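Notes follow once the structure below has been shown.
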Amino acid sequence: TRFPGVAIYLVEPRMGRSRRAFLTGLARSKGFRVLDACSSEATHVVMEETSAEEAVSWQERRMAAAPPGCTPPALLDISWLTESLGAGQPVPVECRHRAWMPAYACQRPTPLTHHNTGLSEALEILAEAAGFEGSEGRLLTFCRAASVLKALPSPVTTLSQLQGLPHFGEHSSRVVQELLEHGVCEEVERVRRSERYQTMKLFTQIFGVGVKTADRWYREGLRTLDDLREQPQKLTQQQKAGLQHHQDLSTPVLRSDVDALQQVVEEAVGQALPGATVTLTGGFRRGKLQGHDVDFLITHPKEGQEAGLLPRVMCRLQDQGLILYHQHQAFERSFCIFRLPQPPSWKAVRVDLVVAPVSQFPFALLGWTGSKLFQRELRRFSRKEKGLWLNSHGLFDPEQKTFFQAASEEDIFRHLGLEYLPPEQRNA
Amino acid sequence: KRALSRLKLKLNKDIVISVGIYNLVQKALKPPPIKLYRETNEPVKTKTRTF
DNA sequence: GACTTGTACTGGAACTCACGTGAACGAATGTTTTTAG
DNA sequence: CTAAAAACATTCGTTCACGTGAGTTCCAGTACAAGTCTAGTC
Ligand SMILES: Nc1ncnc2c1ncn2[C@H]1C[C@H](O)[C@@H](COP(=O)(O)NP(=O)(O)OP(=O)(O)O)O1
Ligand SMILES: [Mg+2]
């Protein structure tokens, strides 16, 4: 071989037998060294009319059969060999010659504290505006987008990270791009500063006042809270009670109030029926330090005794003199406005009580502990994918008319083929 | 029935009439042979390369 | 608003038909050149 | 010097290979319409 430092090996697959033979003969005539069979001595390999990626597949299948420590050859194209033959010498080598984020929120854990506070707040504001406008689907999709942004392991700094995230179309992508590029988003400020949004938010916070009533008042000329008090004849009991104790209910609750209310309710249930068990559900079970209400679940480990527990406990508490509002002044649900005496005086904080047997206990806990969006997504996934119906009472199969009761909440997730998440990871 | 071509008869640069050409009499030939691999009777193709 | 399912349109590709170019093969027929007697 | 044989030149029919234009029909893509979005109590 004239060039001891060069060893060229061709490839049969695409070139063909005749082309390979002709090229080998020409190279041999021009003094080159061509190896009949692939070996470690080969320093360069030439393909032809083959995509780069495919060529890599050829290299790997050859690396497994070679001893370790051998320097891999350099991939080359037929253009290199033709140029070398034409110029008479080996030409220099140049560049030319050389499961994920599931859509359903039930599959992705969502910690309470995230690194996308601003974007989530903007999406929540847009969702609230859409809900006020009366479009439930817009609210749902915006909430889903906010939840998706909330579960990101790392902060989002470039738009390229939004490609794989589901529930992210033109509108949400544009909103996030505006937020990232310029900071404050024009659309968010436009919707927020709108008087309609502010007045609707003010009215909705009133207990017993929904979106429909708020819109009806808005179109009737009612714009300020005081104006509502000027006509106390078109308000039901709920609206009157909410408006009277507006300031008291506007303040977020702390954990100490939760502890005091839990102690009071535990004493009441213990005196009413012995052996009663009360579990704290809602936002406070997910790790939240602040809330809007305190939610409990009452049950008896023994089967078939909580037939009429709630009325007795409610009337006993009313006799004690703490219930400002009772939903009904046999039921297994009620919302109230307790009269909490502060140590320094008293403030009104809402409390909700719900009863359920031991058999239905895990389902009630799951339904009353998770977030609204998480519950919606879990129910949708159960109905669509697995075809089962999930509700606060139990899991039902339309095909086989048999309940799927269980002794623990872990079994509920296990049946649906879903990884278990703690209550703190069910935030939206 | 098929028209070999749709052409334009031009009596003058300004006068044009569309016409169609047909072959009422066409020679008949055997269907073209197709090459087959001997071992498996699988169709093959012919590629021409100039180098 | 985002996704999923179903319906309708439609511009281009595939296929077929026909013609023209270029080549090889046999086949012939004739004509020209070389060698033997 | 003459005759026989070999070689060369030209023509003709056939088959094969490719390329290119035109006409007809199928199909994969794109556009758009409509439905859905959780479940229950009071
Ligand atoms: N629309 C709905 N659909 C399904 N489930 C729902 C629901 N609304 C509530 N639940 C279930 C899931 C809810 O966790 C539970 C009641 O929770 P809340 O007291 O209404 N809101 P929270 O206390 O969690 O938070 P914050 O302190 O910010 O007000 O009932
Ligand atoms: Mg609550």
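Residues are named by chain letter and number: chains run A, B, ... in the order of the structure tokens, numbers start at 1 in each chain, and ligands are numbered from 1 in the order shown.
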
Close residues to ligand 2 using only C-alpha atoms (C1' of nucleotides) and all ligand atoms, limit 10 Å, as a ChimeraX atom specification: /A:280-284,291-296,335,350-353,368-369

Write out as an NGL selection string the residues lying within 10 Å of residue 311 in chain A, counting only C-alpha atoms (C1' of nucleotides) and excluding same-chain residues fewer than 6 positions away. :A and (317 or 328 or 330-334)

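Atom pair CA of residue 35 in chain B / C1' of residue 15 in chain D: separated by 14.1 Å.
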
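Separating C1' of residue 27 in chain D from CA of residue 43 in chain B is a distance of 24.7 Å.
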
Check the smallest atom-to-atom distance from each of A:20, A:138, A:30, A:98 to chain C using only C-alpha atoms (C1' of nucleotides), then report the winner. A:138

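Within 12 Å of residue 35 in chain D, once only C-alpha atoms (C1' of nucleotides) are used and residues closer than 6 positions along the same chain are dropped, the contacting residues are residues 3, 4, 5 and 6 of chain C.
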
Closest contacts (chain A/chain C, max 12 Å, only C-alpha atoms (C1' of nucleotides)) as JSON lines:
```
{"residue": "A:103", "atom": "CA", "partner": "C:3", "partner_atom": "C1'", "distance": 10.7}
{"residue": "A:126", "atom": "CA", "partner": "C:1", "partner_atom": "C1'", "distance": 11.5}
{"residue": "A:127", "atom": "CA", "partner": "C:1", "partner_atom": "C1'", "distance": 10.6}
{"residue": "A:130", "atom": "CA", "partner": "C:1", "partner_atom": "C1'", "distance": 10.1}
{"residue": "A:135", "atom": "CA", "partner": "C:1", "partner_atom": "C1'", "distance": 9.6}
{"residue": "A:136", "atom": "CA", "partner": "C:1", "partner_atom": "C1'", "distance": 10.0}
{"residue": "A:137", "atom": "CA", "partner": "C:1", "partner_atom": "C1'", "distance": 6.8}
{"residue": "A:138", "atom": "CA", "partner": "C:1", "partner_atom": "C1'", "distance": 5.1}
{"residue": "A:139", "atom": "CA", "partner": "C:1", "partner_atom": "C1'", "distance": 8.5}
{"residue": "A:140", "atom": "CA", "partner": "C:1", "partner_atom": "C1'", "distance": 8.6}
{"residue": "A:141", "atom": "CA", "partner": "C:1", "partner_atom": "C1'", "distance": 6.1}
{"residue": "A:142", "atom": "CA", "partner": "C:1", "partner_atom": "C1'", "distance": 7.7}
{"residue": "A:143", "atom": "CA", "partner": "C:1", "partner_atom": "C1'", "distance": 10.9}
{"residue": "A:144", "atom": "CA", "partner": "C:2", "partner_atom": "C1'", "distance": 10.0}
{"residue": "A:145", "atom": "CA", "partner": "C:2", "partner_atom": "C1'", "distance": 10.0}
{"residue": "A:166", "atom": "CA", "partner": "C:2", "partner_atom": "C1'", "distance": 9.2}
{"residue": "A:167", "atom": "CA", "partner": "C:2", "partner_atom": "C1'", "distance": 6.1}
{"residue": "A:168", "atom": "CA", "partner": "C:2", "partner_atom": "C1'", "distance": 7.7}
{"residue": "A:169", "atom": "CA", "partner": "C:2", "partner_atom": "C1'", "distance": 6.8}
{"residue": "A:170", "atom": "CA", "partner": "C:1", "partner_atom": "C1'", "distance": 8.9}
{"residue": "A:171", "atom": "CA", "partner": "C:1", "partner_atom": "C1'", "distance": 7.6}
{"residue": "A:172", "atom": "CA", "partner": "C:1", "partner_atom": "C1'", "distance": 8.8}
{"residue": "A:173", "atom": "CA", "partner": "C:1", "partner_atom": "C1'", "distance": 11.7}
```

Interface, chain B side, toward chain D (12 Å; only C-alpha atoms (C1' of nucleotides)) as an MDAnalysis selection string: chainID B and resid 1:7 20:21 30 32:35 45:49

Spatial neighbours of residue 151 in chain A, max dist 8 Å, only C-alpha atoms (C1' of nucleotides), sep filter under 5 positions, as a short mmCIF file (atom, residue, chain, number, x, y, z; two decimals) with N, CA and C atoms, in the first residue's frame:
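Written output follows (around-v8.cif):
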```cif
data_model
loop_
_atom_site.label_atom_id
_atom_site.label_comp_id
_atom_site.auth_asym_id
_atom_site.auth_seq_id
_atom_site.Cartn_x
_atom_site.Cartn_y
_atom_site.Cartn_z
N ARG A 108 -50.27 13.10 37.31
CA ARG A 108 -49.10 13.92 37.58
C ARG A 108 -49.23 14.56 38.96
N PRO A 109 -48.31 14.32 39.89
CA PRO A 109 -48.40 15.00 41.19
C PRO A 109 -48.26 16.51 41.04
N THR A 110 -48.96 17.24 41.90
CA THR A 110 -49.00 18.70 41.86
C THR A 110 -48.74 19.25 43.26
N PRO A 111 -47.49 19.60 43.57
CA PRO A 111 -47.21 20.17 44.89
C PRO A 111 -47.88 21.52 45.08
N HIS A 114 -45.21 25.96 43.84
CA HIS A 114 -44.62 25.75 42.53
C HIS A 114 -43.74 26.95 42.18
#
```

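Taking only C-alpha atoms into account, chain B lies nearest to A:15 out of the set A:15, A:310, A:276, A:378.
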
Range 175-294 of chain A: which residues are helix (DSSP H, G or I) by DSSP, as a PyMOL selection string? chain A and resi 175-182+186-193+195-204+211-219+225-229+237-244+246-250+255-272+283-286

Counting only C-alpha atoms (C1' of nucleotides) and all ligand atoms, give me one row per residue of chain D with an atom at most 9 Å from an atom of ligand 1, showing the shortest contact pair and its distance in Å to one decimal, sorted by chain then residue number, as a tab-separated table.
```
residue	atom	partner	partner_atom_place_in_ligand_line	distance
D:38	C1'	ligand 1	3 (N)	6.3
D:39	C1'	ligand 1	4 (C)	6.3
D:40	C1'	ligand 1	4 (C)	8.5
```

Set the cut-off to 7 Å and count only C-alpha atoms (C1' of nucleotides): what are the residues of chain A that reach chain D? Output as a count of residues only. 5
